[PDB]
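Participant: experimental coordinates follow, after the sequence.
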Amino acid sequence: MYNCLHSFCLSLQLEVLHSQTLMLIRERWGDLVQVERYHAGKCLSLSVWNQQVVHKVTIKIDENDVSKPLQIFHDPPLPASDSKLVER
Amino acid sequence: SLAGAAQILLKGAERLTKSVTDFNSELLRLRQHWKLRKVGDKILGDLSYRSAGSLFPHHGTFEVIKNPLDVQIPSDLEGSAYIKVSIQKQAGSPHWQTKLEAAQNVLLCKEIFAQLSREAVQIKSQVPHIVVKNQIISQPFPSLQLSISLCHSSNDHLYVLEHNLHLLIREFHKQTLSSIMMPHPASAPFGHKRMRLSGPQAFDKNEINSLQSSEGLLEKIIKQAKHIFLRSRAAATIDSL
Amino acid sequence: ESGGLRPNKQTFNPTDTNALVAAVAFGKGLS
Amino acid sequence: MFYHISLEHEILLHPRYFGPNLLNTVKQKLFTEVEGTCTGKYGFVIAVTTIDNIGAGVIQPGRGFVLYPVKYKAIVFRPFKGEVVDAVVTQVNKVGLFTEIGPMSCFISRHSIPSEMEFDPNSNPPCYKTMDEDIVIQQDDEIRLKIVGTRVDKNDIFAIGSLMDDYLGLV
Amino acid sequence: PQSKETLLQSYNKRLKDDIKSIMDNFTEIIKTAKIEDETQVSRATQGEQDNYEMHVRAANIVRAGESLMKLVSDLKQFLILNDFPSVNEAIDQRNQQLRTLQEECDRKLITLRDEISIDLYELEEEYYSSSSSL
Amino acid sequence: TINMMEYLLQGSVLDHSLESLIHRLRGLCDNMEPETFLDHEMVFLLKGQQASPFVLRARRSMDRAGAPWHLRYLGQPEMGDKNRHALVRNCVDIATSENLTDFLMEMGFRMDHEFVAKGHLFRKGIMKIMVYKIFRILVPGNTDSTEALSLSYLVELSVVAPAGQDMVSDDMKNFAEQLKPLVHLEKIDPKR
Amino acid sequence: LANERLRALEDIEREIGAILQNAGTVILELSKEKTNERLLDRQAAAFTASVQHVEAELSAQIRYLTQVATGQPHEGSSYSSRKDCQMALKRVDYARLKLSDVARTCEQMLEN
């Protein structure tokens, strides 16, 4: 029951974040942020600081996580260790 | 049998007379103040400035229901909203009248902040801004921090810049719906008046570019804020002196 | 006895239309 | 007559429409062309009540398009020869009477009009009236006309109105 | 024009069907009540049937009158929602009220500004000239 | 430059009903105060070796001070499809200085017929509806005295489209349909 | 527009009257002693006349509608003037507030 509920709510959160990203692309940002790859229930890649005027931000769900907490992954750069900023 | 018939008839008629001797009057009054239209059986009205030249893709269609009548506001236009502009040195009315005025004010504040946030993100300007969710932060002078935030209640502040924001977006609407676009010569096509005068009364580059200037609400507001700060600074300096 | 007509007040005259357009294009009744 | 029948129609779907929502795209597209077009064999088509089934998409070599045979149910209206149908008069003229039956429009020649009936040019609204005024036909009136025959062109059917048969015209 | 022709036709059909129906329902009540000779069916049936029939037709007439009232109200709403000339005149009239209000407010504010400015001038000529000298 | 085609539908209103049409147009059209323009137009024709004389229409706005004369060339009708239900002509619109009359006469264009048009102009989107009463001008040169060509007023719906894409006529037909009960605006061929 | 108001009033009145008439007539129909003979006939005539009148009035008012039942929902609004006036009133209120505050400070000065 916990595994099914967790998978469902995490996929719903992925969908909500994807809708928020497309809404931001539509109105305010306007090509200043892009969607590289979006896999429903697997990962969603957002690219900022484009080459015109690249980096990606992947938000994924892994079946069930017990040994390691499931957080977000900044895949391309792997940002440096900034104690205050990387935590936020 | 005829007794029953007569009884029913009389009851109905007298019921109609009891419903005859102010929904009609209410609806009539609601029309003069707010434009209305007839579709199906759910009569709607206009709650947007689209008549006054606003290019905002939002349907301002508020419903009217019999409950002597009630106005149904579109969702997300409810509550009260007011834009807040602040400088920090760091870094008698009818029941439906109040509802419709508040929802129209919320719609205009959303229009203003959409314009401001888009101009902050996309237009390249000196000392760029940060738009987080509902808050724009700019640094016009290096010791100065200006903040424009759309406070949506959903149930230090300078009024002058908020009032000028409303008037700036109001002039920006009225530029499209202007009588300057009308050509008095019937044959003459359309468009601004001085752009017509540019042909025979020959204009240079500078007048042509001054008639057609690409500026923004954010740029003008920042200029105004900077001027206010400078004035305040000079005043304080002379006072100390 | 539901009478017959009630409002027959014609708004536009087709002869008038023809005349006006004619003038505008060639120039009848103007030279 | 209003007849609810199943039609066999084909859809040419551009590949750009492939991907998400391809099946309802065919359903959505089907309504675009079927509605607003008529055919003599089936008459004017009003609406598609439902889609009975969706066929397999057959590729055309070289073209790249797809052929979807779709079975759908729709109501059609077709004039039949020698039948009487209620009609509405649109415009009244000395040459003939123009009447509309929904999508179908019919023209009534002066000869088909009864001999005793005469055009009323003096009256501001063009109309046909009798000497005794027993029966009067005017624009936007209920009349019944016998269809002499069904004739079609450019996906449009318009027949002749015959008032010779008994129990026809306004009442 | 097509869509205006259709709206007119629908309202007119409502009204025509309506007068015809009220008159016909009254006629059916009178075709009836007429105590005619009975046979076979028997009063025990005829009687109750007639009573029920009269009741139902009375209800029908009342409903047709209610529909008449509804259509009248609809016409009233249409004539206030979108008459067209009256609506244009009313919009022009509200523009008048608003404009006068604006004018009055503007004049008031300007006069206020002038008087306050004169007071400010007096104070600026004072405070600045004050001896004090901390 | 791309060419500018003018889509035109022309119809007439008798004077008695002018008030009803004015109120109606104000309601459907964008909310702008009526322009109430008055203008004088003289058409110049060039009698060259080719039989057809080039026709250039010159317009001066007497009512609006400090507004330039407008010179326009109107092409032959391009109407083809019955569905379009519009009149299509090529059009070039050029604002000109006051010394327009002299330049045209020296060039060789000859003044032919002059008319004065007075009426109201209203606009909806690109569409412009002009309602005007043409007045004949008598005496060789002047605008002081005019006689009415007709009691009725011509109503013309004109769109100066860029000539890119189409369906411009469809929008015009829909708007014309609303005024059709009040006044039948239709495409009337200039010929006869 | 008072014309439409009067029309509606007349309509309602006539309708109520006709249904009262029908009621009375059917009540006299069941009556064992219908004393209102000529009176009853007069009532029938009146009811018929009323229905005819109602019908005619309705048709005429429908035309009055369809003369300008343009279908078009009408664009023209007073939103411009209204918004401007609201802005002006708010500005005057702000001015009044500032004036009151300055007056209060001056009062404070006097109080010492």
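Facilitator: Thanks, I have it. Numbers count the residues shown, from 1 in each chain, chains lettered A, B, ... in the order given.
Participant: CA only for contacts and neighbour counts going forward, please
Facilitator: Noted.
Participant: pull the number of nearby residues for residue F:82.
Facilitator: Residue F:82 has 7 neighbours, counted by other Cα atoms under 10 Å in any protein chain shown.
Participant: repeat for residue F:125
Facilitator: Per other Cα under 10 Å, the neighbour tally for residue F:125 reads 8.
Participant: how much space separates the closest residue to chain A within chain F from residue E:46?
Facilitator: Sorted by distance to chain A under Cα to the nearest Cα, the residues of chain F start with residue F:125, at 25.0 Å. For residue F:125, the distance to residue E:46 (Cα to Cα, to the nearest Å) stands at 70 Å.
Participant: torsion angles phi and psi at the residue nearest to residue F:11 when sequence neighbours are not counted?
Facilitator: Distances taken as Cα to Cα, 6 or more residues apart in numbering or on different chains put residue F:185 closest to residue F:11, at 4.3 Å, once the chain neighbours are dropped. Residue F:185 has phi and psi values of phi -80, psi 120 when expressed as degrees, to the nearest 10.
Participant: which residues touch the residue of chain F closest to chain A?
Facilitator: Contacts were defined as Cα atoms under 8 Å, 6 or more residues apart in numbering or on different chains; by that measure residue F:125 touches residue F:30.
Participant: and if you look at the one 5 residues further on?
Facilitator: Counting by Cα under 8 Å, 6+ apart, residue F:130 touches B:186, F:119, F:120, F:121, F:122, F:155, F:156, F:157.
Participant: could you point out which element follows whichever strand or helix holds it?
Facilitator: Using DSSP states H and E, residue F:130 falls within strand F:127-137. Using DSSP H and E, the next helix or strand after strand F:127-137 towards the C-terminus is strand F:146-148.
Participant: now the strands: where do they sit in the chain?
Facilitator: The chain I'm using is chain A. Along chain A, counting by DSSP state E, strands occupy A:33-39, A:43-48, A:57-58.
Participant: nope, chain F
Facilitator: Assigned by DSSP E, the strands in chain F fall at F:4-13, F:38-46, F:54-60, F:69-74, F:87-96, F:110-124, F:127-137, F:146-148, F:153-161.
Participant: could these be laid out in JSON lines, adding distance to residue B:157?
Facilitator: Shown next, in JSON lines, are the strands of chain F (distance: least, Cα to Cα, whole Å):
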{"stretch": "strand F:4-13", "distance to residue B:157": "52"}
{"stretch": "strand F:38-46", "distance to residue B:157": "51"}
{"stretch": "strand F:54-60", "distance to residue B:157": "54"}
{"stretch": "strand F:69-74", "distance to residue B:157": "52"}
{"stretch": "strand F:87-96", "distance to residue B:157": "50"}
{"stretch": "strand F:110-124", "distance to residue B:157": "41"}
{"stretch": "strand F:127-137", "distance to residue B:157": "45"}
{"stretch": "strand F:146-148", "distance to residue B:157": "64"}
{"stretch": "strand F:153-161", "distance to residue B:157": "49"}
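Participant: of all these, which one is nearest residue G:25?
Facilitator: Among the strands of chain F, the nearest to residue G:25 by Cα to Cα is strand F:4-13 (53.4 Å).
Participant: run the chain-centre distance for the closest one.
Facilitator: The chain centre lies 8 Å from the centre of strand F:4-13; the measure is Cα atoms, centre = their mean, to the nearest Å.
Participant: with stretch F:85-105 instead?
Facilitator: Distance, stretch centre to chain centre, for stretch F:85-105: 12 Å (Cα atoms, centre = their mean).
Participant: how long is that stretch end to end?
Facilitator: End-to-end distance for stretch F:85-105: 38 Å, by Cα to Cα.
Participant: that one and chain C, are they touching?
Facilitator: No - against chain C, stretch F:85-105 shows no contacts by Cα under 8 Å from any Cα of the partner chain, the least distance being 12.8 Å.
Participant: quick one: the residue of chain F closest to chain A and residue G:101, what's the gap?
Facilitator: From residue F:125 to residue G:101 the distance is 50 Å (Cα to Cα).
Participant: for residue A:73, give me its contacts.
Facilitator: Applying Cα under 8 Å, 6+ apart, the residues contacting residue A:73 are A:57, A:58, A:59, A:60.
Participant: tell me the bridge partners for the nearest residue to the second one once chain neighbours are set aside.
Facilitator: In this case it means residue A:58. Take residue A:58 and drop its neighbours on the chain: the residue closest to it by Cα to Cα, 6+ apart is residue A:45, 4.4 Å away. When assigned by DSSP bridges, residue A:45 has beta-bridge partners residue A:37, residue A:58.
Participant: so residue A:45 makes contact with residue A:54?
Facilitator: No - in this structure, residue A:45 is not within contact of residue A:54 by Cα atoms under 8 Å, at 10.9 Å.
Participant: pick out whichever of the two has more residues nearby.
Facilitator: Neighbour totals were compared for residue A:45 and residue A:54, and residue A:45 leads with 20 against 11 (other Cα under 10 Å).
Participant: give me the distance between the more buried one and residue A:65.
Facilitator: Note on residue A:45: its distance to residue A:65, by Cα to Cα, is 21 Å.
Participant: and what of residue E:54?
Facilitator: Counting by Cα to Cα, the gap from residue E:54 to residue A:65 is 77 Å.
Participant: looking at these two, which is more packed in?
Facilitator: Between residue E:54 and residue A:65, counted using other Cα under 10 Å, residue E:54 has the larger neighbour count: 24 against 11.
Participant: measure the more buried one to chain F for me?
Facilitator: Distance of residue E:54 to chain F, computed by Cα to the nearest Cα, to the nearest Å: 46 Å.
Participant: helix or strand for that residue, just tell me which one.
Facilitator: Assigning secondary structure by DSSP H and E places residue E:54 in helix E:43-81.
Participant: give the contact list for the residue nearest to residue A:58.
Facilitator: Residue A:45 is in contact with A:35, A:36, A:37, A:38, A:56, A:57, A:58, A:59, counting by Cα under 8 Å, 6+ apart.
Participant: re the thing from before, out of the contacts of residue A:73, who's nearest chain F?
Facilitator: For those, the nearest to chain F is residue A:57 (41.9 Å; Cα to the nearest Cα).
Participant: appreciated, that's everything.
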